[PDB]
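K.L.:
kindly generate the corresponding structure for this input.
(chains A, B, C, D, E and F)
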There are 6 protein chains.
Amino acid sequence: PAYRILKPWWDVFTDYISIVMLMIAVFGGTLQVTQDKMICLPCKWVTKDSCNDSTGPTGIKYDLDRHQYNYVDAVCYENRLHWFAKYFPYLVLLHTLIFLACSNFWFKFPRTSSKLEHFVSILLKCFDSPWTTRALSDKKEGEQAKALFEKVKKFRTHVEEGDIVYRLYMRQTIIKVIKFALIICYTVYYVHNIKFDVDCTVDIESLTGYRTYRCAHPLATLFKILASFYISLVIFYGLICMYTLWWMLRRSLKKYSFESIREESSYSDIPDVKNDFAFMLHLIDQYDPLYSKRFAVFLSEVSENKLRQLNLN
Amino acid sequence: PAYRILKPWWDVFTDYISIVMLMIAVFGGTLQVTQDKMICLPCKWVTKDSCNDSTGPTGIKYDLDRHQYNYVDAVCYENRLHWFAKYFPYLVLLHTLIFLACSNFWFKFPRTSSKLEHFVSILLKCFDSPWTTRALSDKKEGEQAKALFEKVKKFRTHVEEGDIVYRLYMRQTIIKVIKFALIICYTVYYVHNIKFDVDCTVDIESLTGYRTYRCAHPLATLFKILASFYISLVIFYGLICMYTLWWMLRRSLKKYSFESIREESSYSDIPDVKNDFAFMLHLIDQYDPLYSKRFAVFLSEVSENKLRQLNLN
Amino acid sequence: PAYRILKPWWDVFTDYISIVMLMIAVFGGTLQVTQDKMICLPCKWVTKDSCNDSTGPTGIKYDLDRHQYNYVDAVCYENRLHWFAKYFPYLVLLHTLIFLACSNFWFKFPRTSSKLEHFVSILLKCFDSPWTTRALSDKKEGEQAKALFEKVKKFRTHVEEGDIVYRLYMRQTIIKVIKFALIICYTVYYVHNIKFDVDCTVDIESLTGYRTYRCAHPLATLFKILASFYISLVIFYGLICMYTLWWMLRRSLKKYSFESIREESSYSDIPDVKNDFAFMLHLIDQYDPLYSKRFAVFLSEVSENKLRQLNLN
Amino acid sequence: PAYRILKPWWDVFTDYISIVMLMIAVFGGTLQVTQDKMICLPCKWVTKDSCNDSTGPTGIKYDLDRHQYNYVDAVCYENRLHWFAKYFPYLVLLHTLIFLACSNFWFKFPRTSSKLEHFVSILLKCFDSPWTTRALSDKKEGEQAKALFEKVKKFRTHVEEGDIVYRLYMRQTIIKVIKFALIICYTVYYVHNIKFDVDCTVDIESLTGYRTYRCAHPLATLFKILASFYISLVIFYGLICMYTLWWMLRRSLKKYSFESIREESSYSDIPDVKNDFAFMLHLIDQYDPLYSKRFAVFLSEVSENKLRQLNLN
Amino acid sequence: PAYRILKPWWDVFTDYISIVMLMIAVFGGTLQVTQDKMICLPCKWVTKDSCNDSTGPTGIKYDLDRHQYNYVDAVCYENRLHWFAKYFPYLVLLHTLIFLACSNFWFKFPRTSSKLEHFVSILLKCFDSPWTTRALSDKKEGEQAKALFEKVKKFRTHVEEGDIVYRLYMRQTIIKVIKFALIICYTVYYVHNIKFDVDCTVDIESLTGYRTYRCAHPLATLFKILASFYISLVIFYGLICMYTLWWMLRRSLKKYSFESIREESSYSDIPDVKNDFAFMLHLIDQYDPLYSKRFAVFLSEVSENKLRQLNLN
Amino acid sequence: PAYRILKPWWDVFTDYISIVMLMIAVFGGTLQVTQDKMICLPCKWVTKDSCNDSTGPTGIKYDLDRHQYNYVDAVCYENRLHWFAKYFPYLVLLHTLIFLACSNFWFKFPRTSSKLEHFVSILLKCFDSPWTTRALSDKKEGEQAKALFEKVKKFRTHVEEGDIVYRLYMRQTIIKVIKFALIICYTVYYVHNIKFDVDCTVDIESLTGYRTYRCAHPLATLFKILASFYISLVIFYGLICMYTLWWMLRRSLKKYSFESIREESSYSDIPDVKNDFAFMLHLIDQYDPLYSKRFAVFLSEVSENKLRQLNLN
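P.N.:
Numbering: from 1, shown residues only, chains lettered A, B, ... in the order given. Take a look at the structure below.
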């Protein structure tokens, strides 16, 4: 539907930051599954269970075939490599889905999604009404107009009761902010762990005859780039959700003050909201104040009275 | 069609839990077919038909070429590996399809799908009727209104006879719950079976000269992750279907009590349902009570009488 | 078009059974083309042209390079492997297409597809007619109504002549049933033929120096699974087409008995069908009896007479 | 557009036979580019420049590395292999496109495509006209009806002049029939040429030290299957285009005989066609005779006279 | 939009010739990136820095491992191979895009694309006008008709001023013709350059110990086929653009002669075009003369006068 | 929506230059991930830590196996290769996205996107108004016309207040121009860095026994082509954005001069713009001056007065 209105700018960047976050998660994963391999080599002179590093030059020979060379690469990869280096693309992808699920849950939860689809449905008609064009400053339009005055009154009573919508949007962003804090807590705490050069001591000498081997992870660099890039990405994410939250706290969105509009419209009979209907009003005000302005007329009783006089006449 | 109304929240999470369940089933399968390989190495000093594990160090030589190294990998993979480790992604995929087939069968079975497509078709018009806007508190609308009063009466008689729809939805969720119990019965019972390090004794010494070989499954870890992840996923699935079932049992959905609505509408002439028409009413009530409220007016005979007086006039 | 009505439940499961049948046919084929390889090894001590199977252990050497190892794998694969093991996915795919072609041929054959597109086109209008809503228990609607009475009479005469449609649907399912019987006749007769371990005696000793070689087909297991799975699948297919056929035979679908409906409608003037128009009626009755019920009114001459009196008036 | 009418059953099977023809052409090509490789081995004891075929057994050694083994495979593949074996999938694909281009050229050629888009456009309206429903056995409809009588008369004169459309459809199928004959002339003449086992004598002994080598084409079998399958496919193609051609010759489609319809309609004033307008009529008659029947009324002058009397009145 | 009218047959074949041109460009490129490899072998007895070509036979040994065999293949590929052999698919693709850009630039350039979208927009209405049906041989239609007479007069003045559209179409085809001449100038001049067998003298003996090496490009044949195929393709392209150009030159398209139509319509008051409005007329005349014929009536002043008399009346 | 109007020719080439820029970025990246490999060979006689380059010829032997040959290739690739050579396709892709984000941000920013969607919405109706057709030289149209006069007056006041739209478009192109300058600053400064032949001195002799190795990057050439091609591409990009910027500076787009149009229309009562409404007018003028011309009539008060007199009458 026309839910583009329903997403402020802090939700729209958030939409696309939650897309390139996916694109690196998939791009790293499809890369990981492709090779994610290592090249493990022994060390003859070992000290500390570490490579002691002790005419023309010639090649060294360890007298080993291809498979046990492949075997040793698996083990040092299996055990002497960090889980974080291996499951990095599969991890942020998981996180990328939550930030999506923690937006569309709002739109998709039925007890609210009816309220949303109702709130929008009336506002287009109110935005499109010919009669407000007169009242903002024929008879068939009056029947249509008054027909809308009634459901507006029922809608005003039907949805102002609940408070679940504001609770969800609150419950939604608050966890995503909480979620953001943890990603930075551990991810930086292990980004140092990945690195090209690595040494493994794995205790297989009945099979090869060597104990310690030096390997080399070719992708440790690139995965470091995505992490530093991803972290920098998610930092900008974390500030977006922080800002709108403070805005949700500072502004006290349960109620809306019509008192500025009623000066201009010169309508002394217009009520304020109580709960769950000013929040959605507070939202669409963020898109623009226009739709809220056109809505003052269908709410005022004297505006109906003006129609009712013109309709009787 | 507009079957989004037809799926409560317990059916909507169920829809998407039955999507990522697919995504790991395909992601594991496309991974499995790619390599699903092993690296089998012999053991010179064997005891118990097990690897006895008995200047500078040097490589061991078994004096073997690439193919018989590939050959032995197949056999130990073929026979000394668990079917569960190999066919895991192809298995949950199968299960993933059933949970889909055990939802759309309801929508797709024709003896009911007509009833559903009829039940929805009338309710939009009843939801969209201008005349209820008056009656909930012109003449052309009355012909349209009374035209709907009749088919409503025929629909009220046509579908209230059967009870197949409630039987299907019952027969549907009950097997999915039953299905969930079995997945946990065996899957945990064999998740321990998969593991990186494995040893095979395969009796081929006329061809290699060795009997026992130690292999290494590189993917045993990741498949363990998907299983523990999948099982945790399906647990949340199993609770969803459990809850709605209890709700289907506790609430006695064959009949619906209008008696709360008739207080507010102030309509003493409004009948209750008997069977297969309150269940579908009980459903859409879960989406919202609104559509049920607008439907009280087209059902009451005095409401028709009110129209009939206004239509005669 | 709206041909969903045209497919009973025995045609709808048949539609989707003829989809997963495809998915394994393609999944096996794309797998087959990928490797479908073998690992052929010689046997030094041979008896019967069979592998006689005659300090620490050491590797055996046949003194052979990679290509002639690849060469021998081709030949034993080429000649000492069953065609059924190799062309299995390419075979059921062929069969999968026939079961599709042996459904849409009905819809696509023009001499009938006009009749179908005509039969449906009138029935929507008859289903949608406002006047039947009165007659089932204004003047502009009468012109529209009587306009439909005429083409109905012409349609009643135009299509009741032929009998090709019933012949096609008969000729269609009968071959698919016949087709199903053969798939089970040979496929089980050769599913035993595939197997992991195989031995080939191929007479190439001028090139290798060995005669007999033991190979190993890694995919013999999985292809056995698809076959047992496919066969179990097609068994359920074969029963579907068997049931509707018996139903086509038991029920004598050339003619339809209106005699039950005419009791309820209280219309003594309503004729029965003769041929090729009750069959299509017998079909849509399977979807629901409703559309047939709404159609009794446009067929009865007194119903036209009732309109004709109201139209004259 | 609604050009489904424009394709008889001989054009519709032809459409889909020209699809699976593509699917094997692409499936063979994507397979060919993948490997299309050979395994060339020397022969020590040669006679006639042919492999003379002259304790336990042991491997033979030619003392050769991997690349010159790869080198020799290219040359014997390059020169001592038939072009037909290598370019088979790329060849029928070419032919597959012609049979498509030799259908849509008709629809796409503008001097005719206007005539087609005109012929169809009028016939829907004539099919949809309410007034023919009366005349086949109000005033606003008469203006619409007579409005169509005029452009029909102009269309009758505008397009009956030319004869290009019948010439194209003739020129179209005649070459496709001619084309079919050649495919069978050469393709069977070289299908014998492909085969698994092959021997090459290539004169490179300064580089390897051997002259003659025996290779093995692994795909010679499968390509033989596609050819025998393709040829059997195109035979069924060749008969389709043969049949409609004879039908185009036997039936003398430049003119159409209305004389059967005019008996039933009881209209003695109705003219026959001369050229290029009966052919398109002869076509749509093949789809059904109905549309031609509804068209007799807008063509008869007395039918206009009947309208003209009712329009004057 | 409905720009199918805007492309004559010489533009429509040109559209599809510029599609298969793409399909070989991509098919060669995706093939090139896949391997595009060589098999370089040394030559022991060299003369002229060329391979001198100087019991049973045995393999020759150069005593070399896999990588320096891979190394040498790169260098002889890098330096002793023609750029044309390597970048062929990436080259015609570039050219394939220009011929597309040198068509849609016309449609996409805004100063004209408004004129085109205006010229088409009026012509549909003029084609669809009911009143021309009378005039080619009610009052509300006259207001609509005369409403169109005015904008036609303004359009006649608004666009006849410029001459950019004819200049673009001229400037467009002239470069594509010029472009075609160059492709044949160089491409044939280097198609001889590619070839299977090649020899490289690369001066690396400190690393291998050999100087000269004979390589073999396996794809030199196929790329030769695409070039000869592509060149033959583009020849047919080059004639298309040549023909329409001569037609643009011979015919003097700045002005259009109405003088043939005005005989048939019997309208002595109808003006000819001057510039940029007869060219677009000359175009659509190529699609068909019909739309031009229907347009004579809205242009004639006496035709307006005929309407103006009927509108006054 | 119909935002094709909103993009001048300098934005349309910019759209497609920002597409092929993507196509090489992805084509280089998917190529890079595929191999991006090297072939590192040692050098026995080294001088300066550089390859000293010091019967029949024979192969040199370094006595090394495949993996340590693979190992050394990683290290010289890892450390002795430029980051620019490796991350080139991943870099311009990043830049390619900015130039896209630095266009759609304008369309997507909500505080303006409402203004844009409003500005367009009124202009279609004004373009489509029948009454302007009269006024540029009935009563129901006057109500529609005057209805538009009012919202035009409100729109004239509502949006002329702000100046954010002109600020964004300014802030948008100015950074893209600034961005272009940097790409040329560094990219040419390192394009020399990539090259086929390279030598690495990496200090691993405990593992191989050699210190210095000569490698060869096979893709250094092609990446050089894309860079020189890309740079030439982006130069043409950089001039486009330069031109429109100067045009935005020279022309003083905050205000628009109606004074030329008012001569032709002969309307002395028509006001000029002040800010943020002439800029968008200045834009659409670039598409064509027509829409601006039709807009003069709905803005002039005497034009309303002309309607108001005709509406009163």
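K.L.:
alpha carbons only for contacts and neighbour counts from here, please
P.N.:
Noted.
K.L.:
do you know how far the residue of chain A positioned farthest from its centre is from chain F?
P.N.:
Using CA atoms, centre = their mean, the residue of chain A lying farthest from its centre is residue A:55. It sits 64.6 Å away. Residue A:55 sits 10 Å away from chain F, going by CA to the nearest CA, to the nearest Å.
K.L.:
surely that residue is in a helix?
P.N.:
No - under the criterion used here (DSSP: H, G, I helix; E, B strand; the rest coil), residue A:55 is coil, not part of a helix.
K.L.:
now name the helix or strand holding residue A:215.
P.N.:
Per DSSP states H and E: residue A:215 is located in strand A:212-216.
K.L.:
give the other helices and strands that the very next helix or strand once past that strand contacts.
P.N.:
Once the chain leaves strand A:212-216, the next helix or strand it forms, by DSSP H and E, is helix A:220-250. If you count contacts as 3 or more CA pairs under 8 Å, 6 or more residues apart in numbering or on different chains; DSSP states H and E, helix A:220-250 packs onto helix A:9-34, helix A:83-108, helix A:164-191.
K.L.:
report the angle between the regular element (helix or strand) spanning residue A:155 and helix A:164-191.
P.N.:
Applying DSSP H and E as the criterion places residue A:155 in helix A:139-160. Using axes from the mean of the first three to the mean of the last three CA atoms, to 10 degrees, the inter-axis angle of helix A:139-160 relative to helix A:164-191 is 60 degrees.
K.L.:
buried set for helix A:139-160?
P.N.:
A:142, A:145, A:146, A:148, A:149, A:150, A:152, A:155, A:159 (16 or more other CA atoms under 10 Å in any protein chain shown).
K.L.:
tell me which of these is nearest to residue D:137?
P.N.:
residue A:142 (49.5 Å; CA to CA).
K.L.:
for the residue of the stretch 101-250 of chain A found nearest chain D, what are its contacts?
P.N.:
Using CA to the nearest CA, the single residue of the stretch 101-250 of chain A nearest to chain D is residue A:208, 26.8 Å away. By CA atoms under 8 Å, 6 or more residues apart in numbering or on different chains, the residues touching residue A:208 are A:64, A:68, B:58, B:59, B:60.
K.L.:
correct me, but the last one touches residue A:68?
P.N.:
No - applying CA atoms under 8 Å as the test, residue B:60 and residue A:68 come out as separate, 9.7 Å apart.
K.L.:
which of the contacts of residue A:208 fall within helices?
P.N.:
Using DSSP state H, residue A:68 are the members of the contacts of residue A:208 that sit in helices.
K.L.:
which of the contacts of residue A:208 lies closest to residue F:282?
P.N.:
Nearest to residue F:282 among those, with distances taken as CA to CA, is residue A:68, at 72.9 Å.
K.L.:
I'd say residue A:71 and residue B:39 touch.
P.N.:
Yes - using CA under 8 Å, residue A:71 makes contact with residue B:39 at a distance of 5.9 Å.
K.L.:
which residues are in contact with each of these two?
P.N.:
residue B:216.
K.L.:
near chain F, which residues of the stretch 201-313 of chain A show up?
P.N.:
A:216, A:218, A:287, A:288 (CA under 8 Å from any CA of the partner chain).
K.L.:
how about residue A:138: what's its closest non-neighbour residue?
P.N.:
Counting by CA to CA, 6 or more residues apart in numbering or on different chains, residue A:131 is the residue found nearest to residue A:138 once chain neighbours are left out, at 7.7 Å.
K.L.:
show me what contacts that neighbour?
P.N.:
Residues in contact with residue A:131 (CA under 8 Å, 6+ apart) are A:138, A:141, A:142, A:145.
K.L.:
nearest to residue E:234, of these?
P.N.:
Nearest to residue E:234 among the contacts of residue A:131, counting by CA to CA, is residue A:141 at 64.6 Å.
K.L.:
now the nearest residue to the closest one once chain neighbours are set aside: which helix or strand?
P.N.:
Nearest non-adjacent residue to residue A:141, counting by CA to CA, 6+ apart: residue A:131, 6.7 Å away. Counting by DSSP H and E, the element that carries residue A:131 is helix A:130-135.
K.L.:
return the set of buried residues in that helix.
P.N.:
Neighbour-count burial for helix A:130-135 flags A:130, A:131, A:132, A:133 (criterion: 16+ other CA under 10 Å).
K.L.:
can you lay out those as CSV showing distance to residue A:299?
P.N.:
Below are these laid out as CSV (distance: CA to CA, whole Å):
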residue, distance to residue A:299
A:130, 16
A:131, 13
A:132, 11
A:133, 15
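K.L.:
of those, which is the nearest to residue D:175?
P.N.:
For these, the nearest to residue D:175 is residue A:130 (65.2 Å; CA to CA).
K.L.:
need the contact list for the closest one.
P.N.:
Residue A:130 neighbours (CA under 8 Å, 6+ apart): residue A:141.
K.L.:
any chance of CSV for the buried residues of helix A:139-160, columns distance to chain B?
P.N.:
Output for the buried residues of helix A:139-160, formatted as CSV (distance: CA to the nearest CA, whole Å):
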residue, distance to chain B
A:142, 14
A:145, 13
A:146, 11
A:148, 10
A:149, 11
A:150, 8
A:152, 11
A:155, 11
A:159, 11
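K.L.:
nearest to residue E:300, out of those residues: which one, please.
P.N.:
residue A:142 (47.1 Å).
K.L.:
for the closest one, which non-adjacent residue is closest in space?
P.N.:
residue A:311 (6.2 Å).
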